[PDB]
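Report on the structure given below.
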Amino acid sequence: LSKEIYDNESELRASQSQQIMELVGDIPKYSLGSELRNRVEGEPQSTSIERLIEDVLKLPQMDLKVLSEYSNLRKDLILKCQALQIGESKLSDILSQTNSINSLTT
Amino acid sequence: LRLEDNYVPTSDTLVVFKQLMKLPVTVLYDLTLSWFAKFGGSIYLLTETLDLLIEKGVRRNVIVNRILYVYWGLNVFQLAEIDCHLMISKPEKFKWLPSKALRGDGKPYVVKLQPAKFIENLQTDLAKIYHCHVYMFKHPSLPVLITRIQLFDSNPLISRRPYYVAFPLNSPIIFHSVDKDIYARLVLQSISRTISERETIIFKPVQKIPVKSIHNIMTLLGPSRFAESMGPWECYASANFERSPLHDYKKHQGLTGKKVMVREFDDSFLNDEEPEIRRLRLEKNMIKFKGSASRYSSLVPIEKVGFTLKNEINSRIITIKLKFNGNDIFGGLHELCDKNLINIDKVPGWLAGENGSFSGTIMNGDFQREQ
Amino acid sequence: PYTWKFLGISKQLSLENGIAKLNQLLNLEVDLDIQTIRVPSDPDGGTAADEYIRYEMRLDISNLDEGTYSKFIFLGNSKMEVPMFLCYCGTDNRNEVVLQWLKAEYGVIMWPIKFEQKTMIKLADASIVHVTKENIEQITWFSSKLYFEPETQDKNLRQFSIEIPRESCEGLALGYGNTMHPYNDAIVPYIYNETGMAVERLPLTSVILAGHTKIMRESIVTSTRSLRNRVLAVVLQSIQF
Amino acid sequence: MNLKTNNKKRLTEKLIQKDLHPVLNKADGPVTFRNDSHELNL
Amino acid sequence: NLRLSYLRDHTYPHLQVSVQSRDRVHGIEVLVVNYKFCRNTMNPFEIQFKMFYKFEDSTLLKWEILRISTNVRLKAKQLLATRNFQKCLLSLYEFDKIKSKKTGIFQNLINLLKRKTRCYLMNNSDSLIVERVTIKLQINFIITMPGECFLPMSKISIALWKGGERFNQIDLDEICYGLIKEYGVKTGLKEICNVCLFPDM
Amino acid sequence: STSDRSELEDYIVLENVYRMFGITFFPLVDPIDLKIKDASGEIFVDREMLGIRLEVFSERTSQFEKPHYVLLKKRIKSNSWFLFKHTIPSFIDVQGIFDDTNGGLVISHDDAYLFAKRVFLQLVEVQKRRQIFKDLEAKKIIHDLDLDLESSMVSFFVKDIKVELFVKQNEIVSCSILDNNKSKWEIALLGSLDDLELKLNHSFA
């Protein structure tokens with residue numbers, strides 16, 4: 001009788017486990033990079049801007065006010081890494097230019 | 001249910017006695033000090049007791065009774081340390097098996113792992129399946145990382161055979177101990193999943209025949225200059241023939257000249273004194289089977305090798321299948337050539353010892369390994 | 001599974017006489033056919049030093065067991081130095097009592113025959129030359145598995161084998177040319193050319209064919225009871241001085 | 001499977017698409033670029 | 001002789017090396033040597049070095065520059081203060097190779113575009129400007145010697161003009177990057193001048 | 001043999017000044033396929049071989065290091081080299097680079113020279129990555145440290161903090177500080193490799 005009770009409760013638990021796994025995904029795991037889930041779980045102990053850049057372009061897009069705020073923050077971070085790459089290339093160009101100027105003055 | 005170091009298993013005491021009797025006294029002193037510093041049981045007051053015991057010149061039996069009857073198995077971490085020190089001491093007992101680490105298209109991936117964060121990740125991946133305990137140390141001489149993975153079962157906890165996975169420091173080739181049970185596939189697959197963390201890695205095995213020691217497999221397939229030459233090209237893996245361009249030119253092989261012997265190219269071997277010519281013949285055999293100049297054993301002892309020579313005469317594929325055996329194959333082959341049984345003028349490169357411990361076929365004069 | 005041990009015979013003897021003494025000592029009856037066979041019946045032999053007299057001393061008993069079944073294949077020639085020899089199989093006691101009778105009656109000298117390397121090569125050459133009834137020699141092929149067992153320092157190289165498949169053997173034979181000796185003119189020069197391992201000087205142990213025969217250094221294991229004419233011809237040629 | 005079908009659909013709609021002068025001479029192509037790039041350090 | 005032939009012809013073509021003298025003190029050794037990079041026969045530039053071996057426990061102590069042909073001297077002024085002469089020799093050789101390839105590419109483009117429309121070079125040889133109808137196309141090819149990788153890396157960028165003003169730079173940079181990525185260098189530039197023609201397609 | 005001795009000495013010192021470049025192509029012959037043509041008794045080579053001698057020159061010890069060798073053998077039916085027996089350690093991937101150069105097939109000599117130059121750039125990058133950390137140790141700005149075989153992952157000590165670095169090709173990508181000012185100090189030292197030498201005096205003054 002206890003075995004049949006457990007079998008009936010496992011059959012009831014199967015539909016519950018399928019329903020609570022088929023809820024709204026809420027941007028679930030196995031979809032972000034390493035650094036996003038490491039910042040989720042806290043204390044990453046190793047920051048690296050290149051992996052943050054390569055993983056922030058991998059996150060998808062989507063109480064709709066917090067959804068609009070998330071998409072606005074996503075556009076903001078996209079503009080951040082865009083300006084970062086632009087500034088890095090321009091800084092390399094400026095450094096080459098002033099290296100030529102320093103060579104001429106010396 | 002990931003077991004910590006303070007848990008003690010249920011094993012027989014006499015087999016731990018037999019294992020701990022295979023160690024010297026100073027490593028036993030270091031083990032007692034480290035275990036009492038980490039766990040203790042029955043500060044510096046009990047240290048001078050063993051300091052006075054090792055000064056009197058006691059045997060190993062009274063000190064192994066001391067260590068087995070001030071802790072009375074000890075724990076899982078103490079057993080891991082005992083077995084790993086036994087691995088360091090006698091390396092000829094184990095048997096390694098290499099496996100490459102591919103990713104993406106097929107380009108090899110260097111592991112570049114760190115010993116801190118890898119261990120908890122491997123343990124939290126393995127604990128969702130079985131009871132497990134991992135332990136990872138650094139080899140004191142060779143620059144590798146040996147990881148001892150131990151598993152358990154419930155009929156309290158019956159132990160399993162400990163599974164070893166040896167990581168070299170900067171190579172895409174990962175050695176593991178030879179097993180084929182489902183626990184071996186589980187541990188290797190779990191390591192292949194947890195070492196990646198950015199993009200997925202798979203472990204295609206590069207060899208099927210096991211090799212004996214860790215120095216031998218490190219010299220064969222680790223990060224080393226001997227990793228590909230290994231045979232008659234052993235001179236290029238040590239560079240004993242040339243000096244730097246900033247060296248003298250008076251002591252140069254172009255200026256001094258090396259004593260050589262005129263080879264024979266007609267079939268003058270099947271028709272069969274001067275000890276300088278005998279010394280030059282032994283030097284020729286030493287050149288062909290080894291580098292420049294015991295006395296028969298090679299750099300690495302190879303256990304088993306199976307060749308296959310698929311030539312092609314008048315559009316007929318003529319295969320033969322050489323197979324070898326024994327302790328050191330190419331050393332015994334150099335010995336058989338040294339007794340003038342094998343004509344060294346017609347010994348090809350693949351038989352001579354190059355691409356050692358690789359049993360593969362030959363299709364028109366260029367070696368290739370087997371999967 | 002009929003392991004053919006080999007023994008030598010000192011003096012040339014006839015076998016039609018004295019066999020009744022073996023019958024009286026044995027209380028059995030044996031048949032001794034007199035086959036005046038001749039090797040390579042093709043006419044390029046000169047009909048001189050090519051014929052032999054074979055005495056297949058069978059034991060026509062109940063054949064329920066093969067280990068007690070023992071033939072005695074003989075050979076002889078009245079032109080060579082050592083004229084005769086025999087070869088026996090089985091694990092019967094009748095082998096011991098008949099070697100006792102052969103030592104006692106005719107007064108001959110018996111000794112076991114040890115094999116060379118070129119002798120084993122010629123036996124592997126001759127154990128595949130099949131004789132048909134149409135007076136020609138058709139040659140079958142077998143995926144031969146050679147063997148070696150040398151002794152080195154610290155047992156470095158214990159044992160190593162050279163295995164050649166059947167189609168490769170037939171290809172080497174057809175690429176060498178038409179000859180009646182493949183295993184001494186084609187394969188062994190091919191192994192010497194592509195490996196440098198001269199198999200005449202390396203220590204042979206077991207030239208094994210593809211389940212057909214198994215030539216050793218002390219015996220010959222076969223699958224059928226009978227032994228061919230060229231095999232015993234090569235063996236009798238080998239023990240000369 | 002969705003990426004395979006999407007790749008096939010993209011190839012079929014690009015076959016209808018118009019690229020006559022600057023693309024259709026190759027649509028020896030990317031290998032000479034990598035050769036000259038690792039040669040000239042581009 | 002065969003080893004010097006493999007060292008001279010097969011692995012360093014058009015390079016004139018000649019040892020000059022050597023001397024020893026009591027245990028060091030001096031060596032003066034010159035190189036003449038003769039890939040550009042119209043104006044080959046040379047250099048002269050002077051090295052000081054330790055000659056046993058092999059170490060370089062002193063090395064310096066005797067004289068440079070005044071053609072790359074300002075460009076070499078930044079590189080010859082790094083005190084690593086292997087980078088100096090390899091950078092000079094790679095600079096000669098890259099400059100010869102650049103002038104070959106530009107000679108090919110001018111020999112293929114001198115028929116239909118006009119053309120002229122620029123500052124030294126670093127950029128090339130063609131014109132049509134008006135519409136102008138400027139292609140840039142800058143060789144940057146390293147300073148503060150170490151090989152001299154090159155840069156390729158193009159720029160257009162519709163007569164009125166310059167075009168946008170982002171789309172032209174993306175188009176020339178994709179066209180060089182897809183076709184090549186000797187073929188990509190022909191395609192980009194054919195698409196800046198745009199008479200038919 | 002005195003004038004010929006001086007000529008051979010000039011030849012040897014010319015070989016030395018060419019070998020100071022770093023990438024040289026020394027000739028070689030595999031001693032198994034020295035087949036005789038049997039037309040006059042002379043010996044022709046069946047399969048050609050060309051050996052590359054990579055040689056990186058250090059700056060700290062001011063001497064040449066152990067030279068790494070690459071050997072190429074021509075295939076028997078394609079007239080293209082395939083990488084026979086190289087001596088480079090396996091963290092620098094050699095076979096994939098040889099497959100990547102010129103689409104897999106290498107015909108001319110400068111096509112091999114491009115592959116040799118790529119492997120040379122990789123080796124010199126590893127050597128400079130080791131040298132800069134070794135001279136940072138010798139200048140006693142850092143305490144005892146450990147290096148990898150390729151000097152891509154190191155861990156040194158400063159006066160209070162244990163610092164781990166994972167560096168890519170001549171520029172630092174991932175750092176680690178372990179013992180809200182820690183994150184600023186973490187992102188500050190990121191960048192080039194001589195910038196690390198400059199920025200270490202910016203926080204240890």
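Naming works like this for the structure tokens: A, B, ... for the chains as they're shown, residue 1 at the start of each chain, ligands 1 onward in shown order.
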
Pick out the residues sitting within 6 Å of range 129-138 of chain E, and hand them over as a PyMOL selection string; count only C-alpha atoms, and ignore anything fewer than 2 positions along from it in its own chain.
chain E and resi 117-120+158-163

Residues of chain F within 12 Å of chain A, counting only C-alpha atoms, what are they? List them as a ChimeraX atom specification.
/F:162-168,171-179,182-192

Store the residues picked out above, limited to N, CA and C atoms, as an mmCIF file, in the first residue's frame.
data_model
loop_
_atom_site.group_PDB
_atom_site.id
_atom_site.type_symbol
_atom_site.label_atom_id
_atom_site.label_comp_id
_atom_site.auth_asym_id
_atom_site.auth_seq_id
_atom_site.Cartn_x
_atom_site.Cartn_y
_atom_site.Cartn_z
ATOM 1 N N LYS F 162 48.571 38.424 -2.862
ATOM 2 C CA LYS F 162 48.846 37.388 -3.849
ATOM 3 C C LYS F 162 48.119 37.735 -5.142
ATOM 4 N N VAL F 163 48.862 37.795 -6.246
ATOM 5 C CA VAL F 163 48.335 38.236 -7.533
ATOM 6 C C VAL F 163 48.543 37.125 -8.553
ATOM 7 N N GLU F 164 47.477 36.772 -9.272
ATOM 8 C CA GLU F 164 47.532 35.814 -10.366
ATOM 9 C C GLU F 164 47.284 36.542 -11.678
ATOM 10 N N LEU F 165 48.087 36.232 -12.691
ATOM 11 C CA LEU F 165 47.926 36.791 -14.025
ATOM 12 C C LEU F 165 47.780 35.683 -15.055
ATOM 13 N N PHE F 166 46.816 35.852 -15.949
ATOM 14 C CA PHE F 166 46.671 35.020 -17.137
ATOM 15 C C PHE F 166 46.810 35.956 -18.330
ATOM 16 N N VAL F 167 47.939 35.867 -19.022
ATOM 17 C CA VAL F 167 48.300 36.826 -20.056
ATOM 18 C C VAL F 167 48.193 36.154 -21.422
ATOM 19 N N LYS F 168 47.627 36.876 -22.384
ATOM 20 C CA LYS F 168 47.547 36.461 -23.776
ATOM 21 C C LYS F 168 48.774 36.997 -24.514
ATOM 22 N N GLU F 171 49.958 40.950 -24.106
ATOM 23 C CA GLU F 171 49.066 41.879 -23.424
ATOM 24 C C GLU F 171 48.194 41.096 -22.453
ATOM 25 N N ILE F 172 47.937 41.691 -21.293
ATOM 26 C CA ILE F 172 47.285 40.999 -20.189
ATOM 27 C C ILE F 172 45.779 41.055 -20.383
ATOM 28 N N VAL F 173 45.123 39.907 -20.243
ATOM 29 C CA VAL F 173 43.674 39.833 -20.360
ATOM 30 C C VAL F 173 42.989 39.575 -19.024
ATOM 31 N N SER F 174 43.333 38.504 -18.318
ATOM 32 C CA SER F 174 42.690 38.196 -17.051
ATOM 33 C C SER F 174 43.679 38.390 -15.917
ATOM 34 N N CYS F 175 43.256 39.127 -14.900
ATOM 35 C CA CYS F 175 44.051 39.324 -13.701
ATOM 36 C C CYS F 175 43.297 38.754 -12.514
ATOM 37 N N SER F 176 43.974 38.697 -11.374
ATOM 38 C CA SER F 176 43.350 38.206 -10.149
ATOM 39 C C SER F 176 44.072 38.821 -8.962
ATOM 40 N N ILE F 177 43.306 39.401 -8.045
ATOM 41 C CA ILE F 177 43.813 39.929 -6.787
ATOM 42 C C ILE F 177 43.123 39.158 -5.673
ATOM 43 N N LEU F 178 43.913 38.533 -4.807
ATOM 44 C CA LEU F 178 43.352 37.732 -3.732
ATOM 45 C C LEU F 178 44.258 37.803 -2.513
ATOM 46 N N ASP F 179 43.642 37.919 -1.342
ATOM 47 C CA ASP F 179 44.378 38.033 -0.088
ATOM 48 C C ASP F 179 43.551 37.515 1.082
ATOM 49 N N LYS F 182 39.618 46.815 -4.430
ATOM 50 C CA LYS F 182 40.264 45.684 -5.087
ATOM 51 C C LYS F 182 39.908 45.627 -6.566
ATOM 52 N N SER F 183 38.674 45.993 -6.918
ATOM 53 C CA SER F 183 38.260 45.962 -8.319
ATOM 54 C C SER F 183 38.949 47.047 -9.136
ATOM 55 N N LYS F 184 39.154 48.226 -8.542
ATOM 56 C CA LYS F 184 39.857 49.304 -9.231
ATOM 57 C C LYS F 184 41.310 48.934 -9.487
ATOM 58 N N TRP F 185 41.989 48.388 -8.473
ATOM 59 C CA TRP F 185 43.342 47.873 -8.629
ATOM 60 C C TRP F 185 43.418 46.705 -9.603
ATOM 61 N N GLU F 186 42.360 45.901 -9.709
ATOM 62 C CA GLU F 186 42.310 44.816 -10.677
ATOM 63 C C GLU F 186 42.245 45.323 -12.111
ATOM 64 N N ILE F 187 41.297 46.216 -12.414
ATOM 65 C CA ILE F 187 41.176 46.740 -13.776
ATOM 66 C C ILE F 187 42.305 47.701 -14.129
ATOM 67 N N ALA F 188 42.988 48.277 -13.136
ATOM 68 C CA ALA F 188 44.030 49.259 -13.422
ATOM 69 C C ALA F 188 45.269 48.614 -14.035
ATOM 70 N N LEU F 189 45.671 47.448 -13.526
ATOM 71 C CA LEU F 189 46.881 46.813 -14.036
ATOM 72 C C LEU F 189 46.672 46.099 -15.365
ATOM 73 N N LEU F 190 45.430 45.990 -15.842
ATOM 74 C CA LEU F 190 45.125 45.328 -17.110
ATOM 75 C C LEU F 190 45.661 46.199 -18.241
ATOM 76 N N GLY F 191 46.141 45.540 -19.289
ATOM 77 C CA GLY F 191 46.642 46.253 -20.448
ATOM 78 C C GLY F 191 47.842 45.588 -21.085
ATOM 79 N N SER F 192 48.859 46.379 -21.414
ATOM 80 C CA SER F 192 50.072 45.855 -22.026
ATOM 81 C C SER F 192 50.950 45.199 -20.961
#

Residues within 10 Å of residue 34 in chain C, please, as a list in words. Count only C-alpha atoms; anything in the same chain fewer than 2 positions from it doesn't count.
residues 15, 16, 31, 32, 36, 37, 53, 54, 55, 56 and 57 of chain C

Restricted to N, CA and C atoms, what would the selected residues look like written as a PDB file, in the first residue's frame?
ATOM      1  N   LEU C  15      61.912 -53.374 -45.212  1.00  0.00           N
ATOM      2  CA  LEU C  15      60.917 -53.533 -44.160  1.00  0.00           C
ATOM      3  C   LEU C  15      59.955 -54.686 -44.411  1.00  0.00           C
ATOM      4  N   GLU C  16      60.069 -55.368 -45.553  1.00  0.00           N
ATOM      5  CA  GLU C  16      59.179 -56.493 -45.821  1.00  0.00           C
ATOM      6  C   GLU C  16      59.503 -57.687 -44.932  1.00  0.00           C
ATOM      7  N   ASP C  31      49.792 -52.786 -41.921  1.00  0.00           N
ATOM      8  CA  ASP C  31      49.996 -52.781 -43.363  1.00  0.00           C
ATOM      9  C   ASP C  31      51.141 -51.849 -43.733  1.00  0.00           C
ATOM     10  N   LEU C  32      52.034 -52.335 -44.591  1.00  0.00           N
ATOM     11  CA  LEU C  32      53.217 -51.582 -44.977  1.00  0.00           C
ATOM     12  C   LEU C  32      53.299 -51.536 -46.492  1.00  0.00           C
ATOM     13  N   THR C  36      56.938 -46.312 -54.299  1.00  0.00           N
ATOM     14  CA  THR C  36      58.169 -45.816 -54.913  1.00  0.00           C
ATOM     15  C   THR C  36      57.841 -44.461 -55.531  1.00  0.00           C
ATOM     16  N   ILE C  37      57.673 -43.457 -54.681  1.00  0.00           N
ATOM     17  CA  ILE C  37      57.302 -42.118 -55.113  1.00  0.00           C
ATOM     18  C   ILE C  37      58.536 -41.419 -55.650  1.00  0.00           C
ATOM     19  N   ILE C  53      61.652 -44.392 -51.570  1.00  0.00           N
ATOM     20  CA  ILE C  53      60.799 -45.537 -51.274  1.00  0.00           C
ATOM     21  C   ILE C  53      60.132 -45.279 -49.933  1.00  0.00           C
ATOM     22  N   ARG C  54      58.821 -45.085 -49.950  1.00  0.00           N
ATOM     23  CA  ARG C  54      58.064 -44.680 -48.774  1.00  0.00           C
ATOM     24  C   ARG C  54      57.345 -45.880 -48.177  1.00  0.00           C
ATOM     25  N   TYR C  55      57.423 -46.023 -46.858  1.00  0.00           N
ATOM     26  CA  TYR C  55      56.823 -47.144 -46.137  1.00  0.00           C
ATOM     27  C   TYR C  55      55.848 -46.592 -45.103  1.00  0.00           C
ATOM     28  N   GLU C  56      54.606 -46.366 -45.515  1.00  0.00           N
ATOM     29  CA  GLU C  56      53.607 -45.862 -44.585  1.00  0.00           C
ATOM     30  C   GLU C  56      53.095 -46.992 -43.703  1.00  0.00           C
ATOM     31  N   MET C  57      53.749 -47.187 -42.562  1.00  0.00           N
ATOM     32  CA  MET C  57      53.366 -48.234 -41.615  1.00  0.00           C
ATOM     33  C   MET C  57      52.171 -47.721 -40.816  1.00  0.00           C
TER      34      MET C  57
END

Can you work out which residues from chain B touch chain E at a cut-off of 12 Å (counting only C-alpha atoms) and hand them back as a ChimeraX atom specification?
/B:243-251,254

Show me, as JSON lines, the residues of chain A having an atom within 9 Å of chain E, each with the closest atom pair and its distance in Å, using only C-alpha atoms.
{"residue": "A:95", "atom": "CA", "partner": "E:148", "partner_atom": "CA", "distance": 8.3}
{"residue": "A:96", "atom": "CA", "partner": "E:148", "partner_atom": "CA", "distance": 8.2}
{"residue": "A:99", "atom": "CA", "partner": "E:148", "partner_atom": "CA", "distance": 6.8}
{"residue": "A:100", "atom": "CA", "partner": "E:78", "partner_atom": "CA", "distance": 8.4}
{"residue": "A:102", "atom": "CA", "partner": "E:78", "partner_atom": "CA", "distance": 8.9}
{"residue": "A:103", "atom": "CA", "partner": "E:78", "partner_atom": "CA", "distance": 5.9}
{"residue": "A:104", "atom": "CA", "partner": "E:74", "partner_atom": "CA", "distance": 7.7}
{"residue": "A:106", "atom": "CA", "partner": "E:77", "partner_atom": "CA", "distance": 8.9}

Could the residues in this selection be written to a file with N, CA and C atoms, as a short mmCIF file (atom, residue, chain, number, x, y, z; two decimals), in the first residue's frame?
data_model
loop_
_atom_site.label_atom_id
_atom_site.label_comp_id
_atom_site.auth_asym_id
_atom_site.auth_seq_id
_atom_site.Cartn_x
_atom_site.Cartn_y
_atom_site.Cartn_z
N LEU A 95 48.76 56.85 -30.34
CA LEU A 95 50.06 56.45 -29.80
C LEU A 95 51.09 56.29 -30.91
N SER A 96 50.68 55.75 -32.06
CA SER A 96 51.59 55.66 -33.20
C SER A 96 51.96 57.05 -33.72
N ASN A 99 54.31 58.64 -31.30
CA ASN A 99 55.61 57.97 -31.38
C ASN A 99 56.42 58.49 -32.56
N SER A 100 55.75 58.73 -33.69
CA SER A 100 56.42 59.36 -34.83
C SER A 100 56.87 60.78 -34.50
N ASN A 102 57.61 61.97 -31.46
CA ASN A 102 58.74 61.87 -30.54
C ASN A 102 60.02 61.45 -31.25
N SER A 103 59.90 60.58 -32.27
CA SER A 103 61.07 60.21 -33.06
C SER A 103 61.62 61.40 -33.83
N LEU A 104 60.73 62.23 -34.39
CA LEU A 104 61.18 63.42 -35.11
C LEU A 104 61.85 64.43 -34.18
N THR A 106 63.30 63.84 -31.22
CA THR A 106 64.58 63.32 -30.74
C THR A 106 65.63 63.34 -31.85
#

As JSON, numbers by chain, please: the residues near range 68-84 of chain A (cut-off 8 Å, only C-alpha atoms, same-chain neighbours under 6 positions excluded).
{"A": [53, 56, 57, 61, 62]}

Store the residues picked out above, limited to N, CA and C atoms, as a PDB file, in the first residue's frame.
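Saved result, part-v6.pdb, follows:
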ATOM      1  N   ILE A  53      33.215  41.474 -22.842  1.00  0.00           N
ATOM      2  CA  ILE A  53      32.790  42.022 -24.124  1.00  0.00           C
ATOM      3  C   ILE A  53      32.250  40.916 -25.021  1.00  0.00           C
ATOM      4  N   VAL A  56      28.826  39.742 -23.453  1.00  0.00           N
ATOM      5  CA  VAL A  56      27.706  40.670 -23.333  1.00  0.00           C
ATOM      6  C   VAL A  56      26.997  40.822 -24.675  1.00  0.00           C
ATOM      7  N   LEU A  57      27.658  40.439 -25.764  1.00  0.00           N
ATOM      8  CA  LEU A  57      27.035  40.424 -27.078  1.00  0.00           C
ATOM      9  C   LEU A  57      26.315  39.116 -27.360  1.00  0.00           C
ATOM     10  N   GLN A  61      17.573  39.377 -26.265  1.00  0.00           N
ATOM     11  CA  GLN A  61      16.726  40.533 -26.026  1.00  0.00           C
ATOM     12  C   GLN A  61      15.302  40.072 -25.740  1.00  0.00           C
ATOM     13  N   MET A  62      14.545  40.936 -25.071  1.00  0.00           N
ATOM     14  CA  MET A  62      13.182  40.609 -24.676  1.00  0.00           C
ATOM     15  C   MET A  62      12.184  41.631 -25.209  1.00  0.00           C
TER      16      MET A  62
END

Using 7 Å as the limit and counting only C-alpha atoms, can you tabulate each residue of chain B that touches chain F, with its shortest atom-to-atom distance in Å and the two atoms involved, as JSON lines?
{"residue": "B:107", "atom": "CA", "partner": "F:96", "partner_atom": "CA", "distance": 6.6}
{"residue": "B:110", "atom": "CA", "partner": "F:91", "partner_atom": "CA", "distance": 6.4}
{"residue": "B:170", "atom": "CA", "partner": "F:91", "partner_atom": "CA", "distance": 5.8}
{"residue": "B:171", "atom": "CA", "partner": "F:91", "partner_atom": "CA", "distance": 5.5}
{"residue": "B:223", "atom": "CA", "partner": "F:89", "partner_atom": "CA", "distance": 5.2}
{"residue": "B:224", "atom": "CA", "partner": "F:89", "partner_atom": "CA", "distance": 5.3}
{"residue": "B:225", "atom": "CA", "partner": "F:87", "partner_atom": "CA", "distance": 5.2}
{"residue": "B:226", "atom": "CA", "partner": "F:87", "partner_atom": "CA", "distance": 6.8}
{"residue": "B:228", "atom": "CA", "partner": "F:85", "partner_atom": "CA", "distance": 6.1}
{"residue": "B:229", "atom": "CA", "partner": "F:85", "partner_atom": "CA", "distance": 5.6}
{"residue": "B:236", "atom": "CA", "partner": "F:69", "partner_atom": "CA", "distance": 6.6}
{"residue": "B:237", "atom": "CA", "partner": "F:87", "partner_atom": "CA", "distance": 6.2}
{"residue": "B:244", "atom": "CA", "partner": "F:64", "partner_atom": "CA", "distance": 6.3}
{"residue": "B:245", "atom": "CA", "partner": "F:16", "partner_atom": "CA", "distance": 4.9}
{"residue": "B:249", "atom": "CA", "partner": "F:12", "partner_atom": "CA", "distance": 6.9}
{"residue": "B:348", "atom": "CA", "partner": "F:32", "partner_atom": "CA", "distance": 6.1}

Write the residues of the preceding selection, restricted to N, CA and C atoms, as an mmCIF file, in the first residue's frame.
data_model
loop_
_atom_site.group_PDB
_atom_site.id
_atom_site.type_symbol
_atom_site.label_atom_id
_atom_site.label_comp_id
_atom_site.auth_asym_id
_atom_site.auth_seq_id
_atom_site.Cartn_x
_atom_site.Cartn_y
_atom_site.Cartn_z
ATOM 1 N N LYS B 107 41.305 21.876 -33.930
ATOM 2 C CA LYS B 107 42.525 22.457 -33.394
ATOM 3 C C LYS B 107 42.689 22.062 -31.928
ATOM 4 N N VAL B 110 45.085 23.908 -25.414
ATOM 5 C CA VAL B 110 45.898 23.809 -24.210
ATOM 6 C C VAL B 110 45.003 24.000 -22.995
ATOM 7 N N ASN B 170 51.253 22.481 -19.734
ATOM 8 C CA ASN B 170 50.906 23.252 -20.922
ATOM 9 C C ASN B 170 50.817 22.356 -22.149
ATOM 10 N N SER B 171 50.092 21.252 -22.035
ATOM 11 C CA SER B 171 49.937 20.393 -23.195
ATOM 12 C C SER B 171 48.481 20.008 -23.398
ATOM 13 N N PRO B 223 54.819 18.034 -22.883
ATOM 14 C CA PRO B 223 55.559 19.169 -23.440
ATOM 15 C C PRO B 223 57.054 18.952 -23.306
ATOM 16 N N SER B 224 57.711 18.590 -24.403
ATOM 17 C CA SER B 224 59.127 18.264 -24.357
ATOM 18 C C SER B 224 59.694 18.358 -25.763
ATOM 19 N N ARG B 225 61.011 18.515 -25.834
ATOM 20 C CA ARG B 225 61.678 18.525 -27.126
ATOM 21 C C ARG B 225 61.733 17.140 -27.747
ATOM 22 N N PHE B 226 61.669 16.083 -26.942
ATOM 23 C CA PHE B 226 61.675 14.718 -27.442
ATOM 24 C C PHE B 226 60.302 14.239 -27.885
ATOM 25 N N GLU B 228 58.492 14.457 -30.569
ATOM 26 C CA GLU B 228 58.202 13.958 -31.903
ATOM 27 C C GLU B 228 59.403 13.281 -32.541
ATOM 28 N N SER B 229 60.616 13.656 -32.139
ATOM 29 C CA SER B 229 61.793 13.121 -32.819
ATOM 30 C C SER B 229 62.072 11.682 -32.393
ATOM 31 N N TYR B 236 68.566 16.168 -32.717
ATOM 32 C CA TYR B 236 67.925 17.473 -32.817
ATOM 33 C C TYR B 236 67.127 17.835 -31.577
ATOM 34 N N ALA B 237 66.813 16.868 -30.729
ATOM 35 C CA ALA B 237 66.112 17.145 -29.487
ATOM 36 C C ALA B 237 67.055 17.469 -28.341
ATOM 37 N N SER B 244 76.234 27.710 -30.501
ATOM 38 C CA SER B 244 75.656 28.995 -30.844
ATOM 39 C C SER B 244 76.536 29.706 -31.871
ATOM 40 N N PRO B 245 75.985 30.669 -32.619
ATOM 41 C CA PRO B 245 76.837 31.463 -33.521
ATOM 42 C C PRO B 245 77.863 32.317 -32.809
ATOM 43 N N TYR B 249 84.989 29.309 -33.697
ATOM 44 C CA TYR B 249 85.015 28.589 -34.960
ATOM 45 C C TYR B 249 86.135 27.566 -35.028
ATOM 46 N N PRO B 348 64.638 0.749 -42.133
ATOM 47 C CA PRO B 348 63.942 2.022 -42.361
ATOM 48 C C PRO B 348 63.757 2.825 -41.087
#

Excluding range 20-30 of chain D and residues on its chain fewer than 2 positions from it, collect all residues at most 10 Å away from it, counting only C-alpha atoms, and give them as a ChimeraX atom specification.
/D:15,17-18,32-35 /E:179-184,187-188,191-192,194-195,198,200-201 /F:102-103

Quick check for you: according to DSSP on this backbone, which residues of range 25-134 of chain E are classed as helix (DSSP H, G or I)? Reply as a ChimeraX atom specification.
/E:73-79,85-113
